[PDB]
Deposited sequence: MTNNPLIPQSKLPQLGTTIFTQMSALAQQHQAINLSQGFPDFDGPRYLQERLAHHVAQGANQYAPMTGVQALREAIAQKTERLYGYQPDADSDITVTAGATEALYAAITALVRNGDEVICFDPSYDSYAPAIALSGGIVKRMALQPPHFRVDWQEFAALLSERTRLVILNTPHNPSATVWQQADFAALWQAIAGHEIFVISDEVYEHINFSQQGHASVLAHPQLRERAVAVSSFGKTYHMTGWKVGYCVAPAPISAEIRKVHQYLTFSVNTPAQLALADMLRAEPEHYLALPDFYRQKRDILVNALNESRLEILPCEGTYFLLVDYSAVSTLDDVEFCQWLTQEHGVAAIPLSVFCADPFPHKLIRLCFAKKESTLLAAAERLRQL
């Protein structure tokens, strides 16, 4: 038995096991416990039946890329080229890995922000990139542009940002993108904007996308996730929008990663985009309702809430209630009050000196109400 030497030297699985062993309300898992639109499900079955089950084009089904182009135009006032700027991928996860892999060379420095979604770091490492982390500080987790400016070097190749922000639930304002552009304008720095929660922004101001900034747009990759937008994360279909030159390099990697993406699913997704276009304009109110169920319960609790601007996650400060560290507090919470959450420390590379936990409210009303009742015991 020959053993490989890892080129990359379980939390989410503990919580669901502890939540199961103690019948705790699951608010840790970052996906819905309700299903998606059946129109989409119905169109999938229709395309499978019509026999559209063989390889799809490498860049994605034509109808889908064109439908995505139109959506982009309606939303951000600019129309990408459907044949060269849009690429369908097996989930946003693959788009991120493809974009990162296409842009990061050995020794390149990539600026990221913590707390962070855990998939960026590994991809950057597999391409031999160096991660430079900015530690966003609670409660507002705003980007300290002066700290940012200091992280730049001649090796800075890419900036990966996530907005709305998982796990902090904060969002980037138009002004933040303006500041990013002012900071990287004179440098050869690419931008990857993880905007999978693009339709879950509670500001009246609306979602501020990198695609709305004319200059950043020409040097950036926007990543979206259908699984996240249509409440069906297991469908694994996403895409990225980027200038032709950049999308071309994303495609070179993608083509050998998976080559093509589930064909029926794509056609179904195309139908959904064309049949119910204003569908996402409703998601903000849809999730704001769910968010408040948890917020109102926590206002009668010794637990404190941080402002939730986006994503379907919420941050809670348990200082007044306990002295334990977040990881073990969550274990205590699950075991003593039947509510499972995720400690914010698992999203940080370096020590996080705070008493914050992440709660997901992308759940059925009954789940949120049951959670609310238990949160009110603290």
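Q: What ranges of the deposited sequence are left out of this structure?
A: Deposited residues absent from the model fall in 1 to 4, 14 to 17.
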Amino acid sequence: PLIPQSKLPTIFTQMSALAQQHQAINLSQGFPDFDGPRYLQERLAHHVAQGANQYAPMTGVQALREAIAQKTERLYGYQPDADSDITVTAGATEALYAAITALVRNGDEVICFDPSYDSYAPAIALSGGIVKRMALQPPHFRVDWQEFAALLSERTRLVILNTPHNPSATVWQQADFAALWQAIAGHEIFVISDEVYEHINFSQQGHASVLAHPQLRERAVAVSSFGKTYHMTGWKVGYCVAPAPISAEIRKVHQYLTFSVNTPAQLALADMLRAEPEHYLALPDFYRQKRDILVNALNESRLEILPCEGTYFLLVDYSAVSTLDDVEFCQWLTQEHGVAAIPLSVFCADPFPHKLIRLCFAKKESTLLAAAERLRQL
From here on, numbers count along this sequence of modelled residues.
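Q: Would you tell me which stretch averages the higher CA B-factor in the PDB entry, 167 to 175 or 134 to 142?
A: Going by the record's values, the stretch with the higher mean is 134 to 142.
Q: Select between 95 to 103 and 297 to 305 the stretch whose C-alpha atoms have the higher average B-factor in the entry.
A: The entry gives the higher C-alpha B-factor average to 297 to 305.
Q: Looking at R157, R251, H199, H279, which has the highest CA B-factor as recorded?
A: Max CA B-factor in the entry, restricted to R157, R251, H199, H279: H279.
Q: Per the entry's Cα B factor values, which of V327, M58, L44, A67 stands out as the maximum?
A: Across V327, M58, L44, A67, the entry lists the biggest C-alpha B-factor for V327.
Q: Would the CA B-factor of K236 place it in the lowest, middle or highest third of its chain?
A: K236: CA B-factor falls in the lowest third of its chain.
Q: Within this chain, which third does the Cα B-factor at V346 fall in: lowest, middle or highest?
A: Highest third of the chain for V346's C-alpha B-factor.
Q: Could you look up the Cα B-factor of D285 in the entry and say which third of the chain it sits in: lowest, middle or highest?
A: For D285, the deposited C-alpha B-factor lands in the middle third.
Q: Comparing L27 with the other modelled residues of its chain, is its CA B-factor in the lowest, middle or highest third?
A: As the PDB entry reports it, the C-alpha B-factor of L27 lands in the highest third of its chain.
Q: Compared with the other modelled residues in the chain, in which third is the CA B-factor of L75?
A: Its C-alpha B-factor, which the entry lists for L75, ranks in the highest third among residues of this chain.
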